Student: 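Below is a structure I'd like to ask you about.
Note on naming: letters A, B, ... go to the chains in the order of the sequence lines (proteins, then strands), and numbering restarts at 1 for each one. What's counted below: heavy atoms across the whole structure, side chains too, no hydrogens, waters or symmetry copies.
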Amino acid sequence: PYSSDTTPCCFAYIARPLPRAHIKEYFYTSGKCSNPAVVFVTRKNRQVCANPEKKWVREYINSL
Amino acid sequence: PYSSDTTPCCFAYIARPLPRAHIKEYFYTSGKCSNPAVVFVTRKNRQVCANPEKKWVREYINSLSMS
Amino acid sequence: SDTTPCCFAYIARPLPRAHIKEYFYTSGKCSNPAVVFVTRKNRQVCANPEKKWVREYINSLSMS
Amino acid sequence: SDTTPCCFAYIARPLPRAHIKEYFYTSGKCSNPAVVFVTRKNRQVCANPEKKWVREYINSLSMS
Amino acid sequence: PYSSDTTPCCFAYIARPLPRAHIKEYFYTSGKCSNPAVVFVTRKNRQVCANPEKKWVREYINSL
Amino acid sequence: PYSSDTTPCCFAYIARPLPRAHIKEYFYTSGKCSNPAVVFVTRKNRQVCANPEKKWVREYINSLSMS
């Protein structure tokens with residue numbers, strides 16, 4: 001661990017793929033967090049936690 | 001209350017009291033987080049992690065809280 | 001004593017993510033550090049831990 | 001590169017011959033020389049090549 | 001290879017166990033030979049080639 | 001003719017001709033053996049491996065052989 005700022009962590013992963021077209025960016029959550037996660041940021045700026053191992057997650061990252 | 005939303009967690013606690021005058025709100029971090037924490041939100045919207053057990057932290061919560 | 005897998009060379013071309021099931025790091029007893037990717041047919045592939053592709057694959061995989 | 005099994009310690013008590021299916025020598029790439037006995041449950045057991053019992057077992061086994 | 005003397009080699013292994021009681025000594029054939037073998041020497045001094053991996057061979061060696 | 005009996009094989013060939021006078025019999029080693037050889041049996045029953053291709057070896061066989 002490293003800073004007093006908060007950092008976003010994920011504790012569950014979205015079940016249904018989000019539409020590819022609705023995603024504006026992604027990031028991986030901090031290594032400080034207990035679980036690994038991809039966060040997708042939608043065009044409406046919602047942050048959505050997703051399982052880095054899922055195929056659709058990988059396909060999105062690779063294509064976007 | 002496990003959802004897909006991100007949740008803010010804390011990994012370190014500010015060393016010095018923040019000025020009371022600059023704080024507008026607080027909240028506690030989720031119990032899912034590995035460490036307990038209070039977060040103070042400043043008027044400039046910075047979120048500052050703080051040690052729940054410190055006296056100043058408790059005094060500030062007691063001044064903000066409607067409970 | 002049980003055996004442990006060690007690596008002596010690192011794959012040159014990235015193998016496809018789709019063919020990998022998990023990874024692990026080789027033992028610190030080994031002379032070289034290495035990531036091992038375990039394929040669908042359970043072949044163990046040694047890879048250079050410092051490579052960007054290797055790191056990106058690890059982020060999307062579970063560790064055995 | 002594929003992994004190869006290496007040994008870092010040698011079993012103290014002889015395991016029963018009846019439980020061993022085959023042996024092999026570890027790679028010369030490994031830092032220590034070793035005989036590996038492969039048990040009926042496919043556990044790999046490292047053993048000291050210089051030991052009389054080890055040599056006697058090898059004489060009665062096929063080499064993978 | 002090492003000497004002008006002949007050395008006994010085996011090219012087949014006896015199918016039926018010899019009676020334990022009829023064996024006076026054993027030896028392993030030379031490493032120069034292409035196949036490994038146990039030779040049992042009977043009380044009548046017949047030399048009988050046997051498979052070192054067979055259980056009865058091992059049991060005889062262990063008991064005698 | 002694969003049996004359980006041992007069969008004598010040769011791995012080296014005597015460097016110098018044996019004295020003809022000391023040899024009573026010969027035979028060839030089995031084709032199963034990795035190297036070809038002639039074996040001379042001395043009157044004292046030593047078996048001596050010899051290179052089949054050497055002239056002295058051939059001369060000695062020709063003197064012993066009834067073929």
Side-chain angles (χ1 to χ4, degrees), chain E, chain F:
Chain E
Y2 302 45
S3 117
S4 211
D5 213 13
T6 59
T7 198
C9 296
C10 291
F11 293 98
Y13 294 137
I14 191 169
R16 170 154 302 281
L18 288 160
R20 184 166 159 290
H22 294 182
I23 296 168
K24 144 206 314 199
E25 62 198 50
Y26 80 98
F27 59 94
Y28 273 97
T29 50
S30 177
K32 298 171 199 276
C33 299
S34 70
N35 304 310
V38 171
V39 178
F40 289 116
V41 180
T42 68
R43 309 155 311 177
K44 300 188 183 341
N45 295 301
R46 186 169 72 260
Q47 301 201 320
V48 176
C49 292
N51 183 343
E53 302 169 23
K54 277 300 283 202
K55 179 79 175 195
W56 68 266
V57 175
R58 291 149 35 198
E59 174 65 16
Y60 287 13
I61 287 168
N62 187 61
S63 65
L64 299 162
Chain F
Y2 293 95
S3 69
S4 62
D5 289 356
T6 47
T7 207
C9 297
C10 286
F11 293 95
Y13 296 134
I14 186 165
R16 166 159 300 253
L18 290 164
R20 175 61 181 88
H22 295 171
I23 300 176
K24 61 166 170 171
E25 296 152 7
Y26 76 100
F27 61 91
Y28 306 95
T29 56
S30 179
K32 304 170 181 61
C33 298
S34 74
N35 306 311
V38 171
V39 176
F40 296 110
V41 185
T42 68
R43 299 190 197 280
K44 240 128 156 295
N45 275 71
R46 215 48 228 97
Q47 301 207 326
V48 174
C49 298
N51 182 337
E53 300 315 320
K54 286 295 289 187
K55 183 186 117 205
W56 70 267
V57 174
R58 294 179 291 126
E59 286 176 350
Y60 286 21
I61 289 167
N62 289 350
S63 81
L64 291 147
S65 173
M66 301 289 259
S67 292

Student: In terms of heavy-atom pairs under 4.5 Å, which option from E/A37, E/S4, E/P1 contacts chain F the most?
Tutor: E/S4

Student: Between F/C9 and F/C33, does the SG-SG distance stay under 2.5 Å?
Tutor: yes

Student: Of all the heavy-atom pairs spanning E/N51 and E/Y13, show the shortest one and how long it is.
Tutor: N-CD2, 3.4 Å

Student: Under 4.5 Å from any heavy atom of chain F, what part of E/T7 do you find: side chain, backbone, both or neither?
Tutor: both

Student: Is it true that, when you exclude E/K54 itself, more than 12 heavy atoms of the residues, nucleotides or ligands shown sit nearer than 6.0 Å to its NZ?
Tutor: no

Student: So with a 6.0 Å cut-off around CZ of E/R46, is the heavy-atom count from everything else above 12?
Tutor: no

Student: Checking F/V48 against chain E: side chain, backbone, both or neither under 4.5 Å from a heavy atom?
Tutor: both

